[PDB]
């Protein structure tokens, strides 16, 4: 096993455990100290204003199992500190018959048991568990724990009658899944249900959704309401909030609803951020965010989606969320988005970026798997003065349109996503910033033009505004993690409305994924404009490439170039001519970003372990 990054890679499968720990590892984002991580969980803003982030964790292993909550905190979403207790960075782990198979996703009641922050989480026990298996009642239940020390530790309620687990009966038969309880307050739903509380007797100020589906009949999001304010044991099933068909698709802009939902949440947003009104704010929009499974041929069969919904009250005192329009939260190798409230009327979302090593060929040599996305502010994105000649505008697929009185302009409404400003300020302030001269890409443009300033390592951000003719057939974008022999190409092709990441040359290491990523991006043409603009921001962080377009479209992916000098970046141009010119302006390189984990040394591996022969006997976990 040679680690010489100035020559072709050898047979890296001969390398020892965690020998590639630093080679591809993100440094500027949320990631576990070592081992396996997946979904964010237990997200809340603590009383001191700091952010508590949990995550599905399996230390000293590179596959899922014994799943636990790992945790850390931050004052700015950007620089983090691990908790350190009797179980290291874990704060909740399998310990009782009701959760011994895994502490799955959960969400926070800020003022819960005895007034303490409280998690409602999926407690799993024995039996087949999965949307394609024959799951039985009891395998997935919902349980409570509370913290008296601001997340350093959690105390579970006792096992038994009138204690844990608090939710165990399936609300409908033949569920595909029953997990990921999402607790939220909703002046909106309280106002809609206020005339019907005699039917259900549920009058609490918290709601919870549970994610699942019905065998052969599509995904379901189940709505519960806290039975009584200030009491956390009794949750009353109201009815299905979101009902979708078996592998139903709302179309090209909307992924696929698959067979089962995971990690679903409910929020209400306005153009500024989070909306706390009861329905009185005409600028506010109800949103559901949710993962779907088995509706996709790749990306681990997983879509992270969102929908704008209009609530209807049923005669039985329940809510139907009717989908108005439906989009994609991230088009790449990410999933399990969680959103939570933050002071200043913010709703902040974060997800999990998995690796692109689906055959588990170098996972042991890494000694870890997984990272978070960046933390994103959600808001209602409003585009004014949109031209009705914008191609495809009235399909209203993942956006709404509202005509002016005179029918000569349109207001477009969609879900907005942008990186939290604390992270952008910290990244820029800690970086070497190069402001680049604007570039016209014409007949003289090479396929690839390196920027006048170059990154020094695999930790940088790029931004630019690409101005295209209304009838362009030109393509442009950014090349990143680039040497002569390895590079990753990010293209936008306005004629197809496709943003692509081409990874055929991303790495000399052939075991990593090399498939092309694709997002749809609608350039809303403005009345009187003779051009259309893509604002593209790219974060490069070890192996993570995280792309944002127009504060709307996000695409997370992975690239693992071997060579030490595969760090370069610049402009891509295809079919640019004297007549079909792409104007590039607002160009900036941020080299370095931030050390997100300042207390951690470069190598936080503790080694890997095998569960031994009993892993295959129990049949619950891979064992490594």
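Positions refer to the first chain, counted from 1.
- Between 98-106 and 508-516, the higher mean Cα B-factor belongs to 508-516.
- Comparing the deposited coordinates for 605-613 and 11-19, the stretch with the larger average C-alpha B-factor is 11-19.
- The PDB entry gives the largest Cα B-factor of the residues 410, 92, 350, 259 to 410.
- Between the residues 403, 369, 339, 75, the entry's highest C-alpha temperature factor is the one at 403.
- The deposited CA B-factor of residue 568 belongs to the middle third of values across its chain.
- Residue 43: CA B factor lies in the lowest third for its chain, per the PDB record.
- Residue 79: CA B factor lies in the lowest third for its chain, per the PDB record.
- Placement of the Cα temperature factor of residue 34 within the chain: lowest third of the modelled residues, per the deposited record.
- Per the deposited record, the Cα B-factor of residue 522 falls in the highest third when ranked against the other modelled residues of its chain.
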